[PDB]
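Asks: One structure, pasted below without further comment.
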Amino acid sequence: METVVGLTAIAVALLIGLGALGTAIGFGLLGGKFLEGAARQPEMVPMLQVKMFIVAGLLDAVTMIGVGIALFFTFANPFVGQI
Amino acid sequence: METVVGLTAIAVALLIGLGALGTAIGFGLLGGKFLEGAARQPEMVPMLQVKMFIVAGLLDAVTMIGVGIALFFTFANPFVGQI
Amino acid sequence: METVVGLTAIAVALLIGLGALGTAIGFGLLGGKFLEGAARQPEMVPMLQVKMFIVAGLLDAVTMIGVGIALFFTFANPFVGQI
Amino acid sequence: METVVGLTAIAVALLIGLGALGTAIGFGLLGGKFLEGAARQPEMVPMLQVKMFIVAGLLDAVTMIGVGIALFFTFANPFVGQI
Amino acid sequence: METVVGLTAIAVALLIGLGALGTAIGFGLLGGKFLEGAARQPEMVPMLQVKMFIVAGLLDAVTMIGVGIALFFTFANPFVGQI
Amino acid sequence: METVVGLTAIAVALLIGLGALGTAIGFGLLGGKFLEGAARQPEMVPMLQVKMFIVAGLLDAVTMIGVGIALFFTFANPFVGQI
Amino acid sequence: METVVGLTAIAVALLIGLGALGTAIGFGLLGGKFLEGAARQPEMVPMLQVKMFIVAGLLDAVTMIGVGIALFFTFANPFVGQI
Amino acid sequence: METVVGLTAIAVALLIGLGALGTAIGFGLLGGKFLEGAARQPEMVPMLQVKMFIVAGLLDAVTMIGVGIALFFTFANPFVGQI
Amino acid sequence: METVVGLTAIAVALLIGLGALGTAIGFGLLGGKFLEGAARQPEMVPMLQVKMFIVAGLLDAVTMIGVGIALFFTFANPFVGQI
Amino acid sequence: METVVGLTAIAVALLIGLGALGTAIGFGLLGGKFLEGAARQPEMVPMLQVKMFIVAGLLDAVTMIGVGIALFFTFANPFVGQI
Amino acid sequence: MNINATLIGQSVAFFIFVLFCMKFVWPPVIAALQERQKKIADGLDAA
Amino acid sequence: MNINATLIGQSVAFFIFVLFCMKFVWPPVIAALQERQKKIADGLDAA
Amino acid sequence: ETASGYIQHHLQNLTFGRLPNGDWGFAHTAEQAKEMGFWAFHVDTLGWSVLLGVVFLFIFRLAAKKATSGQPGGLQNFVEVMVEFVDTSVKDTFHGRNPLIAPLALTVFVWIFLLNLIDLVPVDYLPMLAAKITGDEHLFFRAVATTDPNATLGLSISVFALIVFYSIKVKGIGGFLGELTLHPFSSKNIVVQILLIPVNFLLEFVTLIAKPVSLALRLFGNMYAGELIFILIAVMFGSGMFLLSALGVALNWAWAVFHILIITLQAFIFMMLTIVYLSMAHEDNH
Ligand SMILES: [Zn+2]
């Protein structure tokens, strides 16, 4: 049972780390263009912020699923039951 | 059953991850240009949003396939049944 | 035989995850320039959409081959019969 | 349980390292765009700084989650109790 | 014998996944630049399409070799014969 | 505790190396834009330097805790206290 | 001896996959810049194409060395001869 | 012991290699923008050079720590005494 | 001695594959800027070509050392014989 | 022991390959920007070349240490003596 | 694969061929081309 | 199988390649060389 | 005969060298050929390279000996086109008046092109012809000279020797060692410059050494991969199956049509790199 538990811990580590890396890089890329646009058109900032939040909803869609799955693995490990 | 389940956990982790990673990076790249376009011509936003959603479907197709297969590997197991 | 099936699971995970990451990043890169061209030249969007679909046909070929091979491995594992 | 411990060390190392890498790259991109905007329009710096902080919170959310999970694994290892 | 087949499965996955990832990213870059050129010079699209196809011929040169080798490994097997 | 210490060495290596890579990439990206801004108009260099230091404070936040816990693993190992 | 053959398979897989990935990304960059140059100055297209082929002559060297060595490793084996 | 020293070798390799990769890429990114700025205004070159050095220090701050830790591991291995 | 030879095969594969990937990406980056320079100022082409050929000697210096030492490992394995 | 030298081979491969990849990408970026600067202002080439070598030294700094350590490991293995 | 003295034989043949070409191939063709160009220039300066 | 099949396959492929070359690659080179000769002849006639 | 034996036989060179009983005799097996030390010769590579070089030199000597200085003939027009192309290439890269550079570039380009060209013939023609003529069925014979690392290494080493010779000739051993140990980083005071000589040497010697290695390996990898893929496709014909052979024909045709471009491009790259390397030995780039 040690192998299963160790590999599920590694799985949780991968699941959270890859999502964190992707989210950080993607949000840096998005925020740079948001700052450039805000500097270009100060009067359109209220709309640009809403559009940035709309895009941010799509950016974190799969990352939150991964984080939830990692939490479910670490607190309610289903692999211990041989499934 | 120890090895197969332990490696299935890693497989689920590697299916949800790299998919979260690609989705986050790709959506950052897409949203940056969407905000740049909305800040260059503020009146084309309604069309740009629809085009962005059309591109986002293609962007997320394979990631959704991978997430579905990972869920299938988590709550069912085609590999355990092969002994 | 546990090793063969356990490594087949990881092979499928890699086949789908790498393809998903690649398609997500590539489609982000493509859609960014598509949205930029649509915002700068709004009268040319119907042609740009067709050209983007033509490019997307080339972009997603090897990923489709990979996902087909992954499904073939999951449901019709050929490596089991080679031992 | 000599294998589970140590694999938890590898897990926390991945959890913190991937988050640090992603955070550093994302903040490099965001800060570069902020510096470009400030250098082109010195009068816009006070608003750009606040917008940069708003983006930074979303950038660092998941990395902070990962760091918390890694600390919890380091000091209150839950996988040990699962035999 | 089991180790050889298990490792050849991972080898096939590595070949196809890396080829797919590289092809997707390269075609994303090429298609983005092609769409930029098409939006810039709408009358030059027919020649730019031919140039893009010429470049695509070079882009997939090694990837197709890798895919062929992977199919040869997955259907036939030169390593099993070596014992 | 041979395996525990052997894996702790790898954990420390990952914690320091990934953070070093991330900080190097991020600081290259930030310094490039800082030099570009200094070259665009040298009269604003004193303010740009302070802003760059402010950004660098955020860029290096997670890496310093990573190297801190890497040193905490090298000296006074916490995982060998767990058998 | 089975370990030697199993690891040779993975060596071939890496040697071809990494080269394919690098070649695809590099040719994507080169072809995109070539398309931009052709779009800017239509009269210079043949000279740009010749220069692109000249650069492609340098781009594809080490990948071809790796492909040749991998094909040598598949149908011949300098490692098996060392027992 | 054999395994702990073998893993310490891999730890040293990672510590130096990741730092070298990050340093090379970040320094290339910094040097390109430094050459562009020097070309823009040749008369301010000494200021650009000193500002490039003060950020090169930040770029290499963590890489030098990594290489120092690796050299400490190579000749004064602290993990072999923890057994 | 089986493990030594098997890991030497992986070492050769890494030594050549990483260098091939790096050289392909670097030469794509260099050739793209060379083509852009030749398109913007067509009269500078021979000087740009000779400068690019000069820089190509710095681009692959370490890669040539890596490929040479990998070829040394394949046919004149030094690790075998060190017990 | 065979394991120690087998892991030393992998360590050397990592040390040389990561440095080669980093130097190739960094020099591609630096040379591309140097070629762009030379194309924009042919009169500034003599000083641009000097500054390019100044930054190339910083590019190769850490990778030279890496390759030196790799050669020291290959010909004067310090880990075998540690038993 | 197999490093031999073919490495030396090839360099010897290379140097021999280059020394042959330097003296017995290039000068006559270059001289003929230059003489034809001179003839064309003189014919264009006949005015 | 093996010999007497590989030879036939190679001969067929080589014949197809030779036909492709003789129909597409040679005529452009011949045309370019003849154009060079014609331009030289025109220059000499003018001289 | 198995496919693996077919490939293994196709991968072996005709070797003449020191047998245990004397310095005379041809190897009959791969193990016997590898038993011979450094003092052995690949007969097939040297023979083909010398034959093709002699043919090229004879053809170019025929036109040069009867240069008309008027309306050119069919052959001498082609020779003039090649000479004009090489001269234009040299003029745009090298600004000195060294007479060695241009004939060297022409020889390198045409010789390497001719060595690469023989890869387009079917793989089994020349070895079987040699086996039948000599009467030995198990005869090693490899036609393509550029797929042997010895030939490319010899070319690159001779180019490197020319580089060193011309650098010494135009700068003295003084300027040569100065450029190798002092030039890229210089200091006004002795103590700092002494600390800089190891960095300068580490930066310059590596790049100097990497030139012949890259020159040889860039050509060798491409030619070796091309010939190996040509050999592998021939095995598809050996299966005798209708479906596999039909695909093999298309694969072989596509590979040859792609390979002609590689054949031209590798020779052009080698010529241009040789010219660039020789030109940077007469000037100062740091
Ligand atoms: Zn110099």
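Letters for chains follow the order of the structure tokens (A, B, ...), residue numbers begin at 1 for each chain, and ligand numbers begin at 1 in the order shown.
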Ligand 1: which residues are within 10 Å, counting only C-alpha atoms and all ligand atoms, as an NGL selection string?
Replies: (:J and (50)) or (:M and (175-176 or 178-185 or 204 or 280-281 or 283-286))
Asks: Just need the residues of chain D within 8 Å of chain F, counting only C-alpha atoms, so spit them out as a ChimeraX atom specification.
Replies: /D:1-3,5-7,9-10,12-14,16-29,31-33,35-36,38-40,74
Asks: Once chain L sits on chain K after a least-squares Cα superposition, all atoms in order, what's the RMSD?
Replies: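 Once chain L is overlaid on chain K, the RMSD is 2.0 Å.
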Asks: Could you check how far atom CA of residue L:10 sits from atom CA of residue M:122, in Å to one decimal?
Replies: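 Calculated distance between atom CA of residue L:10 and atom CA of residue M:122 is 5.9 Å.
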Asks: I need the residues in chain C that are alpha helix (DSSP H) according to DSSP; give them as a VMD selection string.
Replies: chain C and resid 2 to 40 45 to 59 61 to 75
Asks: Taking only C-alpha atoms into account and nothing else, which residues of chain K lie no more than 12 Å away from chain I? Please answer as number ranges by chain.
Replies: K: 1-3
Asks: Using N, CA, C and O atoms, can you write the selected residues to a file as a compact mmCIF listing (two decimals), in the first residue's frame?
Replies:
```
# COMPACT_ATOMS: atom_id res chain seq x y z
N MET K 1 32.39 6.25 -35.44
CA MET K 1 32.30 4.82 -35.70
C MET K 1 33.68 4.17 -35.64
O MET K 1 34.01 3.50 -34.66
N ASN K 2 34.48 4.37 -36.69
CA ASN K 2 35.85 3.86 -36.77
C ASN K 2 36.73 4.95 -37.36
O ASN K 2 36.68 5.22 -38.57
N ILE K 3 37.53 5.59 -36.51
CA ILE K 3 38.46 6.61 -36.97
C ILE K 3 39.73 5.93 -37.47
O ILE K 3 40.35 5.14 -36.74
```
